[PDB]
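A quick write-up on the structure given underneath.
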Amino acid sequence: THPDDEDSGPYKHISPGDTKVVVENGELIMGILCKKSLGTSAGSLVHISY
Amino acid sequence: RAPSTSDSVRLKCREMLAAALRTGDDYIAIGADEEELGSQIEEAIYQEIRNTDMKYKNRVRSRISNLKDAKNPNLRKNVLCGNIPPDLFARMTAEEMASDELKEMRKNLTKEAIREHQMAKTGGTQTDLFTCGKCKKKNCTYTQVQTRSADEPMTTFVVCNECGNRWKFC
Amino acid sequence: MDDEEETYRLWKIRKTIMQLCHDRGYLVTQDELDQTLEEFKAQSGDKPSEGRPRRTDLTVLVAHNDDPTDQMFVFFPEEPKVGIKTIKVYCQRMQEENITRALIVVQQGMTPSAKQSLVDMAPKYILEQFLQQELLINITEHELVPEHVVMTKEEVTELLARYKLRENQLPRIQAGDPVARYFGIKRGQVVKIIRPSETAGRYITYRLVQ
Amino acid sequence: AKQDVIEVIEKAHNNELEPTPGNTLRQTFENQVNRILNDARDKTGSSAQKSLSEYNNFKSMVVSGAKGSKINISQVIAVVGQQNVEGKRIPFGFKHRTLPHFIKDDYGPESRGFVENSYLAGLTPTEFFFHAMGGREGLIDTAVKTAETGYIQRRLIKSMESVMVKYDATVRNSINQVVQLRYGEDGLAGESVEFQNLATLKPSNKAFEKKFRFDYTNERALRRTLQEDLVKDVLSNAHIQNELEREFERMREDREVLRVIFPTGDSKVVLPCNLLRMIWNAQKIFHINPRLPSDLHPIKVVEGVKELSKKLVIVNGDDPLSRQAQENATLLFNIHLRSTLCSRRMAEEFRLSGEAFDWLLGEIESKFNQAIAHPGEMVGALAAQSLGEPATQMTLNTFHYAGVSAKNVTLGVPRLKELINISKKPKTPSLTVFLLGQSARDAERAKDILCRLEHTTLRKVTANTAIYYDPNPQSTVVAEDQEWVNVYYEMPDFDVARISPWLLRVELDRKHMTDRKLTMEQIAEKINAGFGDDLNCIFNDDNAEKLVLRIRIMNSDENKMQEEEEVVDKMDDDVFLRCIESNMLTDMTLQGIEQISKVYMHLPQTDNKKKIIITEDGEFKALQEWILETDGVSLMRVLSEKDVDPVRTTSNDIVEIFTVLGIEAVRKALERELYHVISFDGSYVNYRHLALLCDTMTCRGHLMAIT
Amino acid sequence: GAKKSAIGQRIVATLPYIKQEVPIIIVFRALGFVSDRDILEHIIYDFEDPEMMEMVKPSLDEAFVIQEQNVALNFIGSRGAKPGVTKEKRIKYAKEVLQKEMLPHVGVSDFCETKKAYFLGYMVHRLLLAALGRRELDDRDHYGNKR
Amino acid sequence: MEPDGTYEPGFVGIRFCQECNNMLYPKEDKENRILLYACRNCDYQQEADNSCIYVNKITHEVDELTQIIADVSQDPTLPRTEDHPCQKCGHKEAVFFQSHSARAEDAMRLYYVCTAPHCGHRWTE
Ligand SMILES: [Zn+2]
Ligand SMILES: [Zn+2]
Ligand SMILES: [Zn+2]
């Protein structure tokens, strides 16, 4: 997603920043879904589901 | 002593090298023998060429041309006073001459313009935006193609030339 | 002036044929493989009496693969364009020497009657023909080109048996293909192409010569 | 920014701008204003995206990626920017003008097609018409691309249709010839593959050793009783130490082969299963706490991976050739599988238990065995549509060239059509020469090779020519040369009575002559060699202020005694001197000898991924350098020149590659060229499809264009 | 070959579907202006510039083989008309084509053969300007040149 | 001679026969050791005034102050300038322009034409 500070923000405290999406055991833990999560992407939720 | 010779063509080439050394009468003020030196030069050239070929003849003339330059009488004066030994004069391998105050600059300037011909053909695709998630550099290019589109909308394509890496905006 | 290049070239083509002899397996000296330019210049003592028949002297023999079945013979003609007359004498020379294969390196081109005559030589001793310019650099070192290894007729028999194919059904390669020419292979022989693969890492193919 | 453009126009009219490399001064100027206007659009574009509030629905559509994009926000809120047509600013339609509403020759932004307004404020009348011009190029492009791609796709399917994977899993066409021994070289399915990272390409040999090696000396950090459980009891085992030491020995050898396979240093490969996501599925379900101590025996891991390696059948057989086929075909998945499931990796990072690992082995076995492609399938047809589809996507003649040189390597569909036809005469053939190490870090060595490679004809080197009547040089009409004539009294002193009284004098440009680093004796020797001894040449010193060359023509002396009637039909020598003057120019090929037209544009590459080398630390490194890029084809000879790289020198022209490097080298080069054209959009067509395409065209030695 | 090593001056003319190209100076001689000084004047009546005049010079030299209007008419006829026998109808046939089909818009009669020659010459001049680069090429789309 | 010279020897591409009014061609006189010009269709002949018979390229006849007529000063579409002083007449106001030609004279440099009837003078800056 546009969010945060590519290349150096996640390395700055992981102040969860909520941007990055994490799903675990079939439950959405954090983040916001977009075309990169849901779209025709190589690693989208939809691809993994199939 | 000057090395013995008998060939008439070699003798006349020495005479011409001597005659070229006579230019501007600098030989008088220095008082150096132009006939012994011209012979030593010619011997040294002949020691290189080993015959009286066109290539030797061209070399004799270019040696002559160096002596007869109007803008650099100091080259001759350097040869006349022994600052340049005949064996060195015999070879143009040590460059060509650079005491005329401008042509050397110009050749340097030529060396600049062909080096100017190297500088970057024409740099571009710098916009300089997003940071790469591989080689950690911001030097990046973006591509804008297919307007409106059929069903793959004018998405923004960003490529890191720095390591041939490409990702999309969102 | 161009004469001075020549020495680099004569060094350079001799070295490529050595690798060529070495890949075919004709056992050249490691030192000949290792031979530098400075040594070669030293070997013919450069600089004197140019245009001298160094190449007639450069003519070399090379001695046998795993089984000393005579040898292979390498000939550098002095003539820019070689005609049948030089070939006929050379033929007298190969016959006297009783050699089994002859490689000729011509400096510009061969007359078509000579190629014809070369075509007629096919039953007896084999004659191989390289254009000096294509030989002047080792093409097999180039990055595009994967490792080629020739197989014996027995190995081909086992290959066709184990996959259950016909000779006709394999991928083909030109008899004039620069690489096929490099090994000097004839029709019916198979080459094993070994490639790097993005997805297999290594991939092995075969090509029947056509 | 507008004041800054007026400022650059003011500099340009002063005649002092100083041009950019390889470009005319207008191009330098045009490249500069274009840089300023683009920077102007992007600066205000970045200002508008900042200025948007959280609640902008327009930003909410852009961010989900639903429809539309950043540039649209730029155009509606900010400023629309420079329009262009055919990749250049709006042409001068009328005499030196775009519209009669402007002054003649007015290079300003607005006057030549920059739109200062946003769609929201509305366009001014000229901007609207220059915008309507920008509107056509896209409508027309649409109508053409639909016709061409419809044709390219049909031809492609029509070739490959009968190829298909047979039940012994070799891929063969209609007459039953083999295309591939295994489909896609591994026999996997394209819909079951995934992108994966190769752990063993990890930089630094020391770093690899640290992260992978299972230590036995045990650093005082909980005597093996940390992480592992009962494994503290097998620390005294000699056999277990030697077997793992054997494992690490395979990993150094695999790491060495894998470095040969991927010289560029990319870790992204398509492979089945995605072993890492599975370990995560495995950890998550069994409720594995990574802080709690382990419960897994290392030998169980090593042997289990061996057994799994044997279970992953892709080539059934038993004789030495089947074992080699099995081993080599799934080499890349196998080295990956050992790297992921490594004992030290398993114990430290993934913390899996024994039950979880045994289950994990069972799923990878089931997924890998399911991944193998289904024989019967139509593979040939499958590939043609996956190739056909990107020709559908984008670019017909749009210019996005960022390789700091000529437009070369034509982009998009017309280039695809060339690879598809194997055109004996491409519209724009090319060739990339890389340079030997020393000559690549130095400019002056690079300049000397560059001049040797270039092909220039004496006509280019000549400033001017003249033909003079001068029977008596000793009293020549050109009094300044008179000093040279005395200089050349001994220059064959006798046949001056015999040579023709007709004189050709040539003057050479000083900068251009020097640039080629030529000397006069080279020219004299070249021209003497071309025309013969009959062509009697003399020349002045290369250091005179007016660099000049003088040409006469000598006859055959003895035999020319008016025998019959002169077998020349009494051709005047002046008229003949023009024919000599014409042909002397058009023929003389010093240094470069054939068709590289102009031959060059020197480049510094630091941007790309070139010269990737290994270092003694173990890691990969960048090596910036000079490389020569040419616009012509002569690969056979150009390879043999000195200090030219005999390894990485390449050409985009597949017919010349065929002549020099044979059919296998075509198979690769054509793949790279087809991969490279698809890669411009970077939609990433799966490689297995292009391998199949290349194999069909190169199947039978001779090139089989799909025409 | 060894003729003069220069094809980039050889100006010729296609007349309307004449089976063969004709050199332009021959056309001028067919119009009757046999004097080269006059032909040159008709091409460019501002002979202060040696460069363009030199540019046409080899085509005048090429024309030299014939210097009579009748012969030049018979020449164009043979270059036009299928093979036959008599010369004289060929001259007449060639004459009516040269008169009526050569730029009809400038005239269709004998009494305006001279004026037509002037228009051919401005046309050759119009051509020479582009080859020197003194004048930009015409645009293939400029609506000013459409009806 | 001297570096600060010029090469305009007077390329006389025109010297027609005084009688038949056609072009003269060079031809040798070995007897007199002199170039002569003769008409081919007749005997008339006359000696040359120069030793030259042909030249080619100058490469830089930058051609900056020729062909372009002063009257271009009238054209309303050309930019009038407030920049002053014709270098001939003590009057400001000049029309200027550039290249206007195919010898793509990478000549970006401006050419200025004085517009008042007193000069018609054409310089460059
Ligand atoms: Zn990067
Ligand atoms: Zn006359
Ligand atoms: Zn004035």
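Labels used: A, B, ... for chains in the order of the structure tokens, numbers from 1 for residues in each chain, and numbers from 1 for ligands as shown.
Selection of all polymer residues within 7 Å of ligand 1 on the basis of only C-alpha atoms and all ligand atoms gives residues 132, 133, 134, 135, 136, 137, 160, 161, 162, 163, 164 and 165 of chain B.
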Return as a ChimeraX atom specification the full set of residues in region 491-610 of chain D whose backbone-based DSSP assignment is alpha helix (DSSP H). /D:510-515,520-531,573-587
Looking only at the backbone, which of the residues in region 13-190 of chain D does DSSP tag as strand (DSSP E), as a PDB file with N, CA, C and O atoms, in the first residue's frame?
ATOM      1  N   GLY D  81      -0.116  19.631 -17.815  1.00  0.00           N
ATOM      2  CA  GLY D  81       1.274  19.461 -18.204  1.00  0.00           C
ATOM      3  C   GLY D  81       1.567  19.486 -19.692  1.00  0.00           C
ATOM      4  O   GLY D  81       0.695  19.805 -20.495  1.00  0.00           O
ATOM      5  N   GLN D  82       2.794  19.156 -20.073  1.00  0.00           N
ATOM      6  CA  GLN D  82       3.134  19.118 -21.488  1.00  0.00           C
ATOM      7  C   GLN D  82       2.367  17.999 -22.206  1.00  0.00           C
ATOM      8  O   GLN D  82       2.426  16.850 -21.806  1.00  0.00           O
ATOM      9  N   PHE D 114       2.152  22.915 -23.808  1.00  0.00           N
ATOM     10  CA  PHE D 114       1.996  22.727 -22.373  1.00  0.00           C
ATOM     11  C   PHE D 114       0.649  23.271 -21.872  1.00  0.00           C
ATOM     12  O   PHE D 114       0.330  24.437 -22.059  1.00  0.00           O
ATOM     13  N   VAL D 115      -0.138  22.427 -21.223  1.00  0.00           N
ATOM     14  CA  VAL D 115      -1.430  22.838 -20.665  1.00  0.00           C
ATOM     15  C   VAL D 115      -1.301  23.321 -19.195  1.00  0.00           C
ATOM     16  O   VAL D 115      -1.189  22.508 -18.285  1.00  0.00           O
ATOM     17  N   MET D 164       1.939 -31.404 -27.692  1.00  0.00           N
ATOM     18  CA  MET D 164       1.184 -31.872 -26.523  1.00  0.00           C
ATOM     19  C   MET D 164       1.945 -32.873 -25.674  1.00  0.00           C
ATOM     20  O   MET D 164       2.731 -33.673 -26.178  1.00  0.00           O
ATOM     21  N   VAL D 165       1.676 -32.901 -24.385  1.00  0.00           N
ATOM     22  CA  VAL D 165       2.486 -33.771 -23.572  1.00  0.00           C
ATOM     23  C   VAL D 165       2.003 -35.214 -23.641  1.00  0.00           C
ATOM     24  O   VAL D 165       0.850 -35.493 -23.368  1.00  0.00           O
ATOM     25  N   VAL D 171       7.406 -34.025 -24.558  1.00  0.00           N
ATOM     26  CA  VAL D 171       6.433 -33.223 -25.273  1.00  0.00           C
ATOM     27  C   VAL D 171       6.664 -33.334 -26.796  1.00  0.00           C
ATOM     28  O   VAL D 171       7.725 -32.967 -27.282  1.00  0.00           O
ATOM     29  N   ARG D 172       5.697 -33.846 -27.561  1.00  0.00           N
ATOM     30  CA  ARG D 172       5.919 -34.063 -28.993  1.00  0.00           C
ATOM     31  C   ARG D 172       4.814 -33.558 -29.880  1.00  0.00           C
ATOM     32  O   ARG D 172       3.649 -33.701 -29.539  1.00  0.00           O
ATOM     33  N   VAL D 178      10.197 -35.252 -30.846  1.00  0.00           N
ATOM     34  CA  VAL D 178      10.265 -34.714 -29.484  1.00  0.00           C
ATOM     35  C   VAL D 178      10.650 -33.245 -29.464  1.00  0.00           C
ATOM     36  O   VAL D 178      11.612 -32.826 -30.105  1.00  0.00           O
ATOM     37  N   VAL D 179       9.838 -32.467 -28.750  1.00  0.00           N
ATOM     38  CA  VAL D 179      10.068 -31.050 -28.467  1.00  0.00           C
ATOM     39  C   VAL D 179      10.943 -30.857 -27.204  1.00  0.00           C
ATOM     40  O   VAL D 179      11.966 -30.168 -27.209  1.00  0.00           O
ATOM     41  N   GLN D 180      10.522 -31.481 -26.116  1.00  0.00           N
ATOM     42  CA  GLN D 180      11.243 -31.420 -24.857  1.00  0.00           C
ATOM     43  C   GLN D 180      11.254 -32.828 -24.248  1.00  0.00           C
ATOM     44  O   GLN D 180      10.354 -33.615 -24.520  1.00  0.00           O
TER      45      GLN D 180
END
Distance-based interface of chain F with chain E, 7 Å, counting only C-alpha atoms, as a list in words: residues 11, 12, 13, 16, 21, 22, 23, 101, 102 and 103 of chain F
Report as a Markdown table: every residue of chain F with an atom at most 9 Å from ligand 2, its closest pair of atoms, and their distance in Å to one decimal, counting only C-alpha atoms and all ligand atoms, with rows sorted by chain and ascending residue number.
| residue | atom | partner | partner_atom_place_in_ligand_line | distance |
| --- | --- | --- | --- | --- |
| F:16 | CA | ligand 2 | 1 (Zn) | 7.7 |
| F:17 | CA | ligand 2 | 1 (Zn) | 4.6 |
| F:18 | CA | ligand 2 | 1 (Zn) | 6.9 |
| F:19 | CA | ligand 2 | 1 (Zn) | 5.7 |
| F:20 | CA | ligand 2 | 1 (Zn) | 4.6 |
| F:21 | CA | ligand 2 | 1 (Zn) | 6.3 |
| F:22 | CA | ligand 2 | 1 (Zn) | 5.6 |
| F:23 | CA | ligand 2 | 1 (Zn) | 7.3 |
| F:24 | CA | ligand 2 | 1 (Zn) | 7.3 |
| F:38 | CA | ligand 2 | 1 (Zn) | 7.2 |
| F:39 | CA | ligand 2 | 1 (Zn) | 4.1 |
| F:40 | CA | ligand 2 | 1 (Zn) | 6.4 |
| F:41 | CA | ligand 2 | 1 (Zn) | 5.5 |
| F:42 | CA | ligand 2 | 1 (Zn) | 4.7 |
| F:43 | CA | ligand 2 | 1 (Zn) | 6.8 |
| F:44 | CA | ligand 2 | 1 (Zn) | 5.7 |
| F:45 | CA | ligand 2 | 1 (Zn) | 8.1 |
Report as a PDB file with N, CA, C and O atoms, in the first residue's frame which protein, DNA and RNA residues come within 10 Å of ligand 3, using only C-alpha atoms and all ligand atoms.
ATOM      1  N   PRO F  85      19.483  49.427 -31.070  1.00  0.00           N
ATOM      2  CA  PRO F  85      20.602  49.911 -31.899  1.00  0.00           C
ATOM      3  C   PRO F  85      21.081  49.302 -33.243  1.00  0.00           C
ATOM      4  O   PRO F  85      22.299  49.151 -33.364  1.00  0.00           O
ATOM      5  N   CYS F  86      20.241  48.964 -34.227  1.00  0.00           N
ATOM      6  CA  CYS F  86      20.924  48.568 -35.458  1.00  0.00           C
ATOM      7  C   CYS F  86      22.380  49.040 -35.404  1.00  0.00           C
ATOM      8  O   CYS F  86      22.658  50.158 -34.967  1.00  0.00           O
ATOM      9  N   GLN F  87      23.303  48.195 -35.853  1.00  0.00           N
ATOM     10  CA  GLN F  87      24.728  48.517 -35.799  1.00  0.00           C
ATOM     11  C   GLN F  87      25.145  49.468 -36.919  1.00  0.00           C
ATOM     12  O   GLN F  87      26.299  49.889 -36.995  1.00  0.00           O
ATOM     13  N   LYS F  88      24.195  49.797 -37.786  1.00  0.00           N
ATOM     14  CA  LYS F  88      24.428  50.728 -38.880  1.00  0.00           C
ATOM     15  C   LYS F  88      23.743  52.064 -38.619  1.00  0.00           C
ATOM     16  O   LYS F  88      24.383  53.111 -38.618  1.00  0.00           O
ATOM     17  N   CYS F  89      22.435  52.012 -38.399  1.00  0.00           N
ATOM     18  CA  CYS F  89      21.646  53.206 -38.118  1.00  0.00           C
ATOM     19  C   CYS F  89      21.351  53.362 -36.631  1.00  0.00           C
ATOM     20  O   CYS F  89      21.163  52.378 -35.913  1.00  0.00           O
ATOM     21  N   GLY F  90      21.320  54.609 -36.168  1.00  0.00           N
ATOM     22  CA  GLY F  90      21.015  54.908 -34.780  1.00  0.00           C
ATOM     23  C   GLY F  90      19.537  54.777 -34.451  1.00  0.00           C
ATOM     24  O   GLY F  90      18.936  55.685 -33.878  1.00  0.00           O
ATOM     25  N   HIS F  91      18.947  53.642 -34.814  1.00  0.00           N
ATOM     26  CA  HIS F  91      17.538  53.398 -34.546  1.00  0.00           C
ATOM     27  C   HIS F  91      17.290  51.988 -34.021  1.00  0.00           C
ATOM     28  O   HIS F  91      17.825  51.011 -34.542  1.00  0.00           O
ATOM     29  N   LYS F  92      16.479  51.893 -32.974  1.00  0.00           N
ATOM     30  CA  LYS F  92      16.116  50.609 -32.393  1.00  0.00           C
ATOM     31  C   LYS F  92      15.084  49.879 -33.256  1.00  0.00           C
ATOM     32  O   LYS F  92      14.849  50.265 -34.403  1.00  0.00           O
ATOM     33  N   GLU F  93      14.486  48.824 -32.694  1.00  0.00           N
ATOM     34  CA  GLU F  93      13.433  48.018 -33.337  1.00  0.00           C
ATOM     35  C   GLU F  93      13.906  47.177 -34.525  1.00  0.00           C
ATOM     36  O   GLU F  93      14.126  47.688 -35.618  1.00  0.00           O
ATOM     37  N   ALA F  94      14.004  45.871 -34.304  1.00  0.00           N
ATOM     38  CA  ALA F  94      14.435  44.928 -35.327  1.00  0.00           C
ATOM     39  C   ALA F  94      13.573  43.659 -35.294  1.00  0.00           C
ATOM     40  O   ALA F  94      13.169  43.197 -34.224  1.00  0.00           O
ATOM     41  N   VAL F 113      17.090  41.555 -38.308  1.00  0.00           N
ATOM     42  CA  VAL F 113      16.910  42.415 -39.478  1.00  0.00           C
ATOM     43  C   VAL F 113      16.357  43.806 -39.116  1.00  0.00           C
ATOM     44  O   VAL F 113      15.267  43.929 -38.573  1.00  0.00           O
ATOM     45  N   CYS F 114      17.124  44.849 -39.410  1.00  0.00           N
ATOM     46  CA  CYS F 114      16.673  46.223 -39.189  1.00  0.00           C
ATOM     47  C   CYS F 114      15.497  46.527 -40.104  1.00  0.00           C
ATOM     48  O   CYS F 114      15.413  46.008 -41.215  1.00  0.00           O
ATOM     49  N   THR F 115      14.566  47.335 -39.601  1.00  0.00           N
ATOM     50  CA  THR F 115      13.258  47.499 -40.226  1.00  0.00           C
ATOM     51  C   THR F 115      12.935  48.895 -40.765  1.00  0.00           C
ATOM     52  O   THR F 115      11.965  49.063 -41.501  1.00  0.00           O
ATOM     53  N   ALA F 116      13.728  49.896 -40.406  1.00  0.00           N
ATOM     54  CA  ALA F 116      13.524  51.236 -40.953  1.00  0.00           C
ATOM     55  C   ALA F 116      14.276  51.442 -42.272  1.00  0.00           C
ATOM     56  O   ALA F 116      15.450  51.075 -42.389  1.00  0.00           O
ATOM     57  N   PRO F 117      13.595  52.025 -43.274  1.00  0.00           N
ATOM     58  CA  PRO F 117      14.198  52.393 -44.562  1.00  0.00           C
ATOM     59  C   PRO F 117      15.359  53.391 -44.435  1.00  0.00           C
ATOM     60  O   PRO F 117      15.160  54.598 -44.577  1.00  0.00           O
ATOM     61  N   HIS F 118      16.554  52.868 -44.170  1.00  0.00           N
ATOM     62  CA  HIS F 118      17.780  53.656 -44.005  1.00  0.00           C
ATOM     63  C   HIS F 118      18.953  52.683 -44.050  1.00  0.00           C
ATOM     64  O   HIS F 118      20.105  53.064 -44.291  1.00  0.00           O
ATOM     65  N   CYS F 119      18.630  51.411 -43.851  1.00  0.00           N
ATOM     66  CA  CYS F 119      19.631  50.359 -43.811  1.00  0.00           C
ATOM     67  C   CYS F 119      19.160  49.149 -44.596  1.00  0.00           C
ATOM     68  O   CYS F 119      19.682  48.850 -45.674  1.00  0.00           O
ATOM     69  N   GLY F 120      18.173  48.447 -44.046  1.00  0.00           N
ATOM     70  CA  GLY F 120      17.797  47.151 -44.576  1.00  0.00           C
ATOM     71  C   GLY F 120      18.907  46.211 -44.156  1.00  0.00           C
ATOM     72  O   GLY F 120      19.043  45.100 -44.676  1.00  0.00           O
ATOM     73  N   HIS F 121      19.702  46.681 -43.197  1.00  0.00           N
ATOM     74  CA  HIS F 121      20.932  46.024 -42.794  1.00  0.00           C
ATOM     75  C   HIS F 121      20.651  44.722 -42.077  1.00  0.00           C
ATOM     76  O   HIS F 121      19.762  44.631 -41.235  1.00  0.00           O
ATOM     77  N   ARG F 122      21.434  43.699 -42.406  1.00  0.00           N
ATOM     78  CA  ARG F 122      21.240  42.381 -41.809  1.00  0.00           C
ATOM     79  C   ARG F 122      22.445  41.789 -41.075  1.00  0.00           C
ATOM     80  O   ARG F 122      23.370  41.259 -41.691  1.00  0.00           O
ATOM     81  N   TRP F 123      22.415  41.889 -39.750  1.00  0.00           N
ATOM     82  CA  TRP F 123      23.443  41.324 -38.882  1.00  0.00           C
ATOM     83  C   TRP F 123      23.016  40.131 -38.075  1.00  0.00           C
ATOM     84  O   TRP F 123      21.950  39.582 -38.272  1.00  0.00           O
TER      85      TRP F 123
END
So how far away is CA of residue 74 (chain C) from CA of residue 29 (chain C), in Å? 15.4 Å
Determine, counting only C-alpha atoms, which protein, DNA and RNA residues have an atom within 10 Å of an atom of region 272-275 of chain D; residues of the same chain fewer than 2 positions away are not included. Present the result as a ChimeraX atom specification. /D:188-197,269-270,277-281,333,336-337,340-341,360,363-372
Would you save the residues from that selection as a PDB file, in the first residue's frame, using C-alpha atoms?
ATOM      1  CA  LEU D 188       5.588 -29.256 -13.427  1.00  0.00           C
ATOM      2  CA  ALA D 189       2.245 -27.504 -13.999  1.00  0.00           C
ATOM      3  CA  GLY D 190       2.153 -23.733 -14.572  1.00  0.00           C
ATOM      4  CA  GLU D 191      -0.811 -23.022 -12.328  1.00  0.00           C
ATOM      5  CA  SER D 192       0.717 -24.671  -9.293  1.00  0.00           C
ATOM      6  CA  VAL D 193       4.004 -22.811  -9.172  1.00  0.00           C
ATOM      7  CA  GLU D 194       4.882 -19.883  -6.851  1.00  0.00           C
ATOM      8  CA  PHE D 195       7.591 -17.252  -6.370  1.00  0.00           C
ATOM      9  CA  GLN D 196      10.196 -18.323  -3.848  1.00  0.00           C
ATOM     10  CA  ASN D 197      13.342 -17.095  -2.288  1.00  0.00           C
ATOM     11  CA  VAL D 269      12.469 -18.487  -8.881  1.00  0.00           C
ATOM     12  CA  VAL D 270       9.208 -20.243  -9.725  1.00  0.00           C
ATOM     13  CA  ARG D 277       4.304 -20.927   4.039  1.00  0.00           C
ATOM     14  CA  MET D 278       3.809 -24.605   4.783  1.00  0.00           C
ATOM     15  CA  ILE D 279       6.139 -24.460   7.782  1.00  0.00           C
ATOM     16  CA  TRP D 280       3.989 -21.595   8.987  1.00  0.00           C
ATOM     17  CA  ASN D 281       0.833 -23.637   8.465  1.00  0.00           C
ATOM     18  CA  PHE D 333      13.752 -27.765  -6.134  1.00  0.00           C
ATOM     19  CA  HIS D 336      15.857 -25.418  -2.185  1.00  0.00           C
ATOM     20  CA  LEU D 337      14.253 -28.147  -0.138  1.00  0.00           C
ATOM     21  CA  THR D 340      14.648 -24.696   3.878  1.00  0.00           C
ATOM     22  CA  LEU D 341      14.537 -27.918   5.892  1.00  0.00           C
ATOM     23  CA  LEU D 360       4.868 -31.416   6.864  1.00  0.00           C
ATOM     24  CA  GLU D 363       1.912 -32.517   2.555  1.00  0.00           C
ATOM     25  CA  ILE D 364       4.939 -31.446   0.451  1.00  0.00           C
ATOM     26  CA  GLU D 365       4.985 -34.985  -0.924  1.00  0.00           C
ATOM     27  CA  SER D 366       1.312 -34.748  -1.815  1.00  0.00           C
ATOM     28  CA  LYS D 367       1.591 -31.210  -3.263  1.00  0.00           C
ATOM     29  CA  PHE D 368       4.705 -31.926  -5.262  1.00  0.00           C
ATOM     30  CA  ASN D 369       3.327 -35.148  -6.644  1.00  0.00           C
ATOM     31  CA  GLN D 370       0.096 -33.254  -7.543  1.00  0.00           C
ATOM     32  CA  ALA D 371       2.084 -30.506  -9.271  1.00  0.00           C
ATOM     33  CA  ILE D 372       3.444 -32.743 -12.105  1.00  0.00           C
TER      34      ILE D 372
END
Excluding residue 11 (chain B) and any residue of its chain fewer than 2 positions from it, enumerate the residues within 12 Å of it, using only C-alpha atoms, and give them as a PyMOL selection string. chain B and resi 3-9+13-18+35-36+38-39+42-43+52
Compile the residues of chain D that lie within 12 Å of chain E, evaluated using only C-alpha atoms, and express the compilation as a CSV table (one decimal) with C-alpha atoms, in the first residue's frame.
chain,number,residue,atom,x,y,z
D,91,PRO,CA,4.9,20.0,-34.1
D,92,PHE,CA,5.1,23.2,-36.1
D,93,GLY,CA,2.2,22.7,-38.5
D,94,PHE,CA,2.1,26.1,-40.2
D,95,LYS,CA,5.4,27.9,-41.1
D,96,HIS,CA,7.4,27.5,-37.9
D,568,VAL,CA,41.3,4.3,-72.2
D,571,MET,CA,39.9,9.9,-71.1
D,572,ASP,CA,40.9,13.3,-69.7
D,573,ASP,CA,42.6,12.9,-66.4
D,574,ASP,CA,40.8,15.7,-64.6
D,575,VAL,CA,37.5,13.9,-65.5
D,576,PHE,CA,39.1,10.7,-64.3
D,577,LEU,CA,40.3,12.6,-61.2
D,578,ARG,CA,36.7,13.2,-60.3
D,579,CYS,CA,36.1,9.6,-60.6
D,580,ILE,CA,39.1,9.0,-58.4
D,581,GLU,CA,37.8,11.8,-56.1
D,582,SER,CA,34.3,10.2,-56.0
D,583,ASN,CA,35.5,6.7,-55.4
D,584,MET,CA,38.4,7.6,-53.0
D,585,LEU,CA,35.7,9.1,-50.7
D,586,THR,CA,33.0,6.5,-51.2
D,587,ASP,CA,35.4,3.5,-50.9
Would you list the contacts of residue 84 (chain D) as number ranges by chain, taking every protein, DNA or RNA residue within 10 Å and counting only C-alpha atoms, but skipping same-chain residues closer than 4 positions in sequence? D: 88-91, 112-114, 130-131, 133-134, 137
For the contact check between chain D and chain F, emit one row per residue of chain D within 7 Å, containing the shortest atom pair and the distance in Å rounded to one decimal, counting only C-alpha atoms, chain then rising number order, as a tab-separated table.
residue	atom	partner	partner_atom	distance
D:12	CA	F:108	CA	6.9
D:13	CA	F:109	CA	5.3
D:14	CA	F:109	CA	6.7
D:15	CA	F:109	CA	5.6
D:24	CA	F:106	CA	6.5
D:25	CA	F:106	CA	6.3
D:26	CA	F:106	CA	6.8
D:103	CA	F:77	CA	5.8
D:104	CA	F:78	CA	5.8
D:463	CA	F:59	CA	6.3
D:464	CA	F:57	CA	5.0
D:465	CA	F:56	CA	5.2
D:466	CA	F:55	CA	4.4
D:467	CA	F:54	CA	5.7
D:468	CA	F:52	CA	4.7
D:469	CA	F:51	CA	4.8
D:471	CA	F:33	CA	6.8
D:480	CA	F:1	CA	5.5
